[PDB]
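No Cβ is skipped: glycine too gets one built from the backbone with ideal geometry, and neighbour counts run over all protein chains shown. Every read-out reported here was derived from the displayed coordinates using simple, explicitly stated rules and does not represent laboratory data.
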Amino acid sequence: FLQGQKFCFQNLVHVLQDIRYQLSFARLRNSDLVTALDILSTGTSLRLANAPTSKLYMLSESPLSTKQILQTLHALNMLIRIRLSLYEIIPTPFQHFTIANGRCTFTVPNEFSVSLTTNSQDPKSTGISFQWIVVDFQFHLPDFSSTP
Amino acid sequence: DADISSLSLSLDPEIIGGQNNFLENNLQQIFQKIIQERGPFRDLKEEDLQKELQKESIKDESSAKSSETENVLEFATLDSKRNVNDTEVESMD
Amino acid sequence: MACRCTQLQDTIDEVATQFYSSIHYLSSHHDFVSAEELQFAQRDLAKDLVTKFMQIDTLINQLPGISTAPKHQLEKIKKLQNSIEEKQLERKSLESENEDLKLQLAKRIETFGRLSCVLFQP
Amino acid sequence: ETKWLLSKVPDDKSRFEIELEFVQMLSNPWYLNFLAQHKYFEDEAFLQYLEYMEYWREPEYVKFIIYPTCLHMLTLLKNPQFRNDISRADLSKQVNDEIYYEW
Amino acid sequence: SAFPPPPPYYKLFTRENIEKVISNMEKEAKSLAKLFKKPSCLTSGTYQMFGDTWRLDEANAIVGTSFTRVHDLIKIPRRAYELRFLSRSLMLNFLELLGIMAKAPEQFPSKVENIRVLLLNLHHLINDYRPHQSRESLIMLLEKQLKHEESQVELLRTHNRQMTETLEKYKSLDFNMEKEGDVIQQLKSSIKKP
């Protein structure tokens, strides 16, 4: 009411939106929040900061790290073999081993590795070894095998 | 009460409630930082296991370094930010 | 939901204009008018405008905190902290008592699952 | 200490007043487009953008009235290196006023 | 607006002046830094109810009785029956206007001023009770958080014993492998069989 009214003397936008009373109700919510604590994380969140258009455009950085990635490995570590516990069909001669990537080595011929990049929660029927990607191809051919 | 700290998740319950798992959400994120695709990542599994050890061992053993605080330290990033413009990334295709 | 009281403004402040819109019906339409139909419009002016106000009274009955004891309500919230906040440590402790072992046990399943493959490819 | 004396037009009332008084201005959808001139952007202007972060903290944030400026702070917080807060954002930002204000 | 609205403080924002802080803070181990220090702040106006008190003076009839309510029984009948009486009286006041209007409409339109005085007896008490709604809503949410807590019971309690028994079932001894011990034993439990 003090300096803020002086701020209202400018271009009268701040508050570029037509809404204004909602901010006052939010102030009442703040006075209600004075009795709170814990927690500070609940402060602006009670007003839902940056939720007005988070669903909209934006871009956002937010680094993805670190051990969270390991958890994903465990997911695959559980997931792939389950798909193999199900379907499968077939394609032997293979030797499945779910460690980070689904391994598929050969004898004289070559090794291959696999990992899906779509979705995880869809096995069983209509989950017959569907999504996959080649991860590398380090062939073990006895005559040539340097693999540039 | 402390439960209010979780209320944002309740606020999330009214919305998208976190995108969570997705192809890009793990893989495209993996393209950032470590490593070079899942190929480097595969051998980076055990390296990540070692990273959990001694790299995480340094829980606390240093000066408070409060002199850098606070908004000034926030202003310190501006050098790297202005330096970031020089990247001119990337492929010409 | 909350702030039912604001709705009362719609039942009053908005309704108050209706008495003003009614003014034309009581005079001006009688000139260049059939006309008896206007009387029906008058009847609702004599009726509905009252009834919603009566509804407001029911809305008064519906107003939350009928006990009207906020000082006690905050104490109720104190009991709510006495419950919830003590629950939090337990409910958080649960996952630690759970998945921390469940992962490893699942790995123990993983071992047998792997050794099944030996039988699968003798 | 000479720099404070050098701040003739500057210095001013400073404090809680003028800072928030400027922070409120970002909400205007074209105003960010105006920030694409010389008044301030990625230059030394960024020093202001980074300095203000303490306002997100409790008590100081209690003083904040309209969320929209803080959401603009989220915009600069978004990849300011690119169109999220540098090439940003044409008149399209006004469309956000047509939706977020509704709820 | 400001004069001009862009900040003039950028000149003070030079990075080397921040570098001064490293020197000045240790300078007194046993000047311009204040410029980088966090700003002073006004109240700036915590007062609010006083405007409502002025609204009481803005005329406040039965609203004073509503103040009397500010100590079923208790204040409830005062906020109920008397308010209903204010509503019925509010209906009675229309006859001050439209009830006699065509006959010299001078004082009669001004009779509505009494009604606008009665508005002080109405919505203002609603505003008086308005903060209490925040209490009711906060209480409304506070056990909802308890419900989000309940979901963990809704799932983990199920995962527990099931995981344990399934370990005890076909897995039986899931520790039976004992890592390396499960190597040759995989033959001893199978290839040895005949």
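Suppose a student asked you for the relative contact order of chain D, using Cα pairs under 8 Å spaced at least 6 residues apart; what percent would you report?
The normalised contact order for chain D reaches 35 percent.
Taking only the Cα atoms of the range D:5-103, how large is their convex hull per residue, in Å³?
Given the Cα convex hull of the range D:5-103, per-residue volume reads 115 Å³.
Give the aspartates and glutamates reachable from residue E:144 as a straight Cα distance under 17 Å; neighbours fewer than 8 places away on the same chain don't count.
Reachable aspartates and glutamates: A:38, B:1, B:3, B:12, B:14, C:85, C:86, E:136, E:154.
So which GluC sites (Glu not before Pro) in the range B:27-93 pass both tests, a DSSP loop state and at most 16 other Cβ atoms within 10 Å of the Cβ?
Counting only loop positions with at most 16 other Cβ atoms within 10 Å, the GluC sites (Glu not before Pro) in the range B:27-93 are B:37, B:52, B:61, B:70, B:88, B:90.
If I fit a long axis through the Cα atoms of helix A:21-33 and take the longest principal axis of the Cα atoms of chain A, what angle between them do I get, 0 to 90°, rounded to 10?
Long axis of A:21-33 versus the principal axis of chain A: about 80 degrees.
Given chain B, what whole percent of its Cα pairs are spread farther than 22 Å?
For chain B, the fraction of Cα-Cα distances above 22 Å is 68 percent.
Which FRET efficiency value, to the nearest 0.05, do you get for residue E:148 and residue A:22 by plugging their Cβ-Cβ distance into 1/(1 + (r/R0)^6) with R0 = 35 Å?
0.85
What nm distance separates the two modelled labels at residue E:140 and residue A:104, each placed 7 Å from Cα along Cα→Cβ?
Simple spin-label model gives 5.7 nm for this pair.
List the pair-distance distribution P(r) of chain E, using every Cα-Cα distance, as the percent of pairs falling in each 5 Å bin from 0 up to the bin containing the longest distance, rounded to whole percents.
Result, from short to long distances: 1, 5, 7, 7, 7, 6, 5, 5, 5, 6, 7, 6, 7, 7, 5, 4, 3, 3, 2, 1, 1, 1, 0, 0, 0 percent.
What longest region of chain A stays clear of trypsin sites (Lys or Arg not before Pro) that DSSP places outside H, G, I, E and B and that have at most 16 other Cβ atoms within 10 Å?
A:68-123
Cross-link candidates for residue A:124: which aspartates and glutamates have Cα within less than 17 Å, leaving aside residues fewer than 8 places away along the same chain?
Result set, ordered by chain and number: A:88.
Please enumerate, by chain and number, the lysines with C-alpha under 16 Å from the C-alpha of residue B:81, excluding those fewer than 8 residues away in the same chain.
D:78
Using the Kirkwood formula on the Cα atoms of the protein assembly as shown, what hydrodynamic radius do you get, in angstrom to one decimal?
The answer is 32.3 Å.
How many nm separate the modelled label positions at residue C:7 and residue B:80, each set 7 Å beyond the Cα in the direction of the Cβ?
5.3 nm
Nearest 10 degrees, 0 to 90: what angle lies between the long axis of helix A:68-86 and the longest principal axis of chain A (Cα atoms)?
Around 50 degrees separate the two axes.
Run the simple label-point estimate for residue A:146 and residue B:51 please: 7 Å along Cα→C-beta, distance reported in nm.
3.2 nm
With a Cα-only, solvent-free Debye model of the range A:36-116, what are the log10 I(q)/I(0) values at q = 0.16, 0.24, 0.25 Å⁻¹?
With one equal scatterer per Cα and no solvent, log10 I(q)/I(0) is -0.78, -1.13, -1.17.
Please sort by residue number the trypsin sites (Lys or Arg not before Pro) in the range E:123-194 whose DSSP state is loop and whose Cβ has at most 15 other Cβ atoms within 10 Å.
E:169, E:192
Counting only C-alpha contacts under 8 Å and six or more residues apart, can you give the relative contact order of chain A as a whole percent?
Answer for chain A is 15 percent.
Near the amide H of residue A:95, under 5 Å away, which other amide H atoms are found, from residues 5 or more places off or on another chain, if H is placed in the peptide plane?
A:105
Taking 19 Å as the cut-off for C-alpha to C-alpha distance, list the pairs among D:8/E:11; B:45/C:107; C:79/E:147; D:63/E:20; D:8/E:34 that go past it.
Among D:8/E:11; B:45/C:107; C:79/E:147; D:63/E:20; D:8/E:34, the Cα-Cα distance tops 19 Å for D:63/E:20.
Give the residue from E:184, D:46, C:30 lying farthest towards the positive end of the charge dipole for the protein assembly as shown; charges sit on Cβ (+1 for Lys and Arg, -1 for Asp and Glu) and the dipole is referred to the Cα centre.
E:184
By the gyration tensor of its Cα atoms, with a ≥ b ≥ c the square roots of the eigenvalues, what is the shape of chain C: rounded for a/c under 1.5, prolate for a/b over b/c, or oblate?
Since a/c reaches 1.5 but b/c is at least a/b, the shape of chain C is classed as oblate.
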